[PDB]
Amino acid sequence: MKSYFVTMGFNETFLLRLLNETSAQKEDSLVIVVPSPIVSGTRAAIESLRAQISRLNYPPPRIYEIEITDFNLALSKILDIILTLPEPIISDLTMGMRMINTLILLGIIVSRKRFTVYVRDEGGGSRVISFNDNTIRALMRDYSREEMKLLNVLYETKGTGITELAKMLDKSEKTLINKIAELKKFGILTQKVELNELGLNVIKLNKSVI
Amino acid sequence: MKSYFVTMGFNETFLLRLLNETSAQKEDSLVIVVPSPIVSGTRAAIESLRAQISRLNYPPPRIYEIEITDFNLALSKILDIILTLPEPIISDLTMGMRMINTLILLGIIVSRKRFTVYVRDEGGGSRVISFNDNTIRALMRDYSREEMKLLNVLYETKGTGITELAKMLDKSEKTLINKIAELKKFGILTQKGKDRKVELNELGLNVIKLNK
């Protein structure tokens, strides 16, 4: 089982879209946190959501209402929820109070739990961004000197084969193949070995470090 | 100088409030990123903002439009902006497209730059939350066994002086004083009053929770 952790405003449709897109199971954990008191528009969205969840054999939601007056006091409550959720935690930040969505995102990140987050066009267009714990790990990681050298060669060549890459780095093909295998799992390159767009953002950050 | 980096929707009020509350100076760098194409509501808000900034001797904005369709492509553009900004970077996520605010926050965090972020009640109430690079660093830090013992002691005792702590942890005052000074700089504990007792703060309580 996995989990869904979101907030809610007046429109339940983004959550139903999330649940559909990510193949929600009846056995998955769905938690929704809302500000207290729960205003009429939010109550109406929740009753509509519940009805549609029943029809669609989706996970029935556990709904918690919370005070949001201070970063750390609110984060504590958000963490109480997160540290109980089975992984990965799936979320969509398009709906509900900005302050609550911020706490949800930050809580998920500092929890070190596996996660996928979506953020859509709030006006109903088709554009969407998503990222996961691998994305953030890749960006937040402190790369070694030899790792940055390797990545920089891929950057400047727009990709190159193992044989050529091994000669430029003064490393054996065996050594390079193992290291490429590792970084491929880290999500920043593919294979001719090439950086992907996540790898290109790593290059940008590591220029900053240099 | 410091920087401000925000997006914008149809209401400039929150940015003006941010600038006022954080003592914006003419010499500070203000950058605003907006979605492309620029819609009339946002164009109007920007013109109003520009007029008000001039009157108040606030930093004149550099405004950039961005197309937002993919996480990494868009983050690349956001990083190009961030990695040039003087620190600290100040932002407010209450205004503008949610996807852009998400990219701004993540960009600021992964940039390793000093920052403070505010998020307010979009309904115009007084509720606000804020956090900074220290907040995130404290929560993501790896604490040692001996560190967690110290923190748990402070939790269980509800605060104690150096002298008493040294006895409880069986540590020299010197070593304890140094550690406390360190963790105080991380913002997770305080030392207050005439008794100078060392106490966890609310950030420290979250550190404990994460390392439970």
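Residues numbered from 1 in each chain as written, not as in the entry; some residues may be left out. Chains lettered and ligands numbered in written order. Heavy atoms only, no water.

The record names X-ray crystallography as the way this model was obtained, at a resolution of 1.80 Å.

### Considerations on helix α1 (residues 13-21) of chain A
Along α1(A), the residues that are buried comprise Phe14(A), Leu15(A), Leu16(A), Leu18(A) and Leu19(A). Once α1(A) ends, the next one or two residues include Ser23(A), with phi positive near 55 degrees. (Buried < 20%, exposed > 50% of the residue type's maximum accessible area, 1.4 Å probe, protein only. Helix = DSSP H or I, 4+ residues; strand = E, 2+ residues; numbered from the N terminus.)

### Some words on the sheet that holds strand β2 (residues 29-35) of chain A
All names here are of chain A. Here 6 strands make up an open sheet; going across it, the order is β3-β2-β1-β4-β5-β6 and the pairing mixed. Edge positions in the sheet fall to β3 (61-66) and β6 (128-132), since each of these pairs with one other strand and no more. Here the strands of the sheet are splayed against their neighbours by 20 degrees on average, with no regard to which way each runs. Of the pairings in the sheet, the one linking strand β1 (residues 3-7) to strand β4 (residues 89-92) comprises 2 bridges and is parallel in character. By the bridge assignment, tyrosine 4 is partnered in β4 with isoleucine 90. Where helix α2 (residues 40-55) meets the sheet, its contacts fall on β2 and β3, and the angle it forms with β3 comes to roughly 165 degrees. (Pairing = 2+ DSSP bridges. Axes fitted to C-alpha atoms, helices over the stretch in contact; angles between N-to-C directions. Contact = heavy atoms within 4.5 Å.)

### Regarding unusual backbone geometry
Cis geometry is found at the peptide bond from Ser36(A) to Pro37(A), where omega equals 0 degrees. In the Ramachandran plot, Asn57(B) falls in the positive-phi region, its phi being about 55 degrees despite a non-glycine side chain. If you trace the backbone, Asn57(B) turns up in the loop between α2 (40-56) and β3 (61-66). Since its relative accessible area comes to 44%, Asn57(B) is described here as partly exposed. In this structure, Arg196(B) is a non-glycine residue whose phi angle is positive, near 60 degrees.

### Structural notes on the packing of aromatic side chains
Inspection of every chain in the model, using the stated rule, returns 5 aromatic pairs over all chains. An aromatic cluster of at least three residues, connected via ring pairs, comprises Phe71(A), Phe115(B) and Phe131(B). Here the guanidinium or amino end of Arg141(B) rests over the ring plane of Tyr143(B), the centre of that ring lying 4.7 Å away. When the ring centre of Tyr155(B) is taken as reference, the NZ or CZ atom of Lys158(B) above it lies at 4.0 Å. (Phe/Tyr/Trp six-rings, centres within 6.5 Å; stacked < 30°, edge-to-face > 60°. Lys NZ or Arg CZ within 6 Å of the ring centre and 35° of its normal.)

### Topic: the packing of helix α7 (residues 162-169) of chain B against helix α8 (residues 173-185) of chain B
Residue and element names in this part refer to chain B. Closest axis-to-axis distance for the α7/α8 pair is 9 Å, and the angle between their directions is 110 degrees. On the basis of their axis angle, the class for α7 and α8 is roughly perpendicular. Of α8, the residues touching α7 (which contributes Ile162, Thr163, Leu165, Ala166 and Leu169) are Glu173, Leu176, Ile177 and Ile180. Class assignment of the residues belonging to the contact of α7 with α8 gives a composition of 7 nonpolar, 1 polar and 1 charged. (Parallel < 35°, antiparallel > 145°, perpendicular 65-115°, else oblique. Nonpolar A, V, L, I, M, F, W, Y, C, P; charged D, E, K, R; others polar.)

### Examining the interface of chain A and chain B
Tallying the contact residues gives 50 residues for chain A and 48 residues for chain B. Buried area between chain A and chain B, both sides added, is near 4,300 Å², and the carbon and sulfur share of it is 65%. Between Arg112(A) and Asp142(B) there is a salt bridge; the shortest N-O distance is 2.9 Å. On the surface where chain A and chain B come into contact, there are 17 residue pairs in polar contact. (Buried area = accessible area lost by both parts, 1.4 Å probe. Salt bridge = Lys/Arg side-chain N within 4 Å of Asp/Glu carboxyl O. Polar contact = N/O pair within 3.5 Å; in protein donor to acceptor, adjacent residues only side chain to side chain.)

### Thoughts on the packing of helix α6 (residues 145-157) of chain B against helix α9 (residues 202-210) of chain B
Residues and elements named next belong to chain B. Direction vectors running N to C along α6 and α9 enclose 120 degrees, while the axes themselves pass 11 Å from each other. Considering their axes alone, α6 and α9 lie oblique with respect to each other. Here the hand of the crossing between α6 and α9 comes out left-handed. Here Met148, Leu151 and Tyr155 of α6 lie close against α9, whose contacting residues are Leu205, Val207 and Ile208. (Left-handed = near helix turned anticlockwise from the far one by under 90°.)

### Here's the deal with the sheet that holds strand β5 (residues 115-120) of chain B
Sheets are built from strands paired through backbone hydrogen bonds, the pairs being either parallel or antiparallel. Residue and element names in this part refer to chain B. Pairing is mixed across the open sheet formed by 6 strands, whose spatial order is β3-β2-β1-β4-β5-β6. With partners counted over all chains shown, the strands left at the sheet margins are β3 and β6 (128-132), one partner each. The average undirected angle you get between the axes of adjacent strands in this sheet is 20 degrees. Note that strand β1 (residues 3-6) and strand β2 (residues 29-35) share 4 bridges and pair parallel. Looking at the pairing, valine 6 lines up with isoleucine 32 of β2. Sheet contacts for helix α3 (residues 71-82): β1, β2, β3 and β4 (89-92); angle to β3, the most-contacted strand, approximately 165 degrees.

### Some points on the domain arrangement of chain B
Residue and element names in this part refer to chain B. Each assigned domain of chain B is listed with its residue range as follows: domain 1 (2-139) and domain 2 (141-212). Inter-centroid distance (C-alpha atoms) of domain 1 to domain 2 is 35 Å. With 5 residues of domain 1 in contact, the opposing surface of domain 2 contributes 8 residues. Regarding the contact of domain 1 and domain 2, the summed buried area is about 550 Å², with carbon and sulfur atoms giving 64% of it. The largest per-residue losses of area from domain 1 upon contact with domain 2 belong to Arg137, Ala138 and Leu139, which jointly make up 82% of the total buried on that side. One can count 0 salt bridges joining domain 1 with domain 2. Put simply, domain 1 and domain 2 have 2 residue pairs in polar contact between them. (Domains from an automatic or database assignment.)

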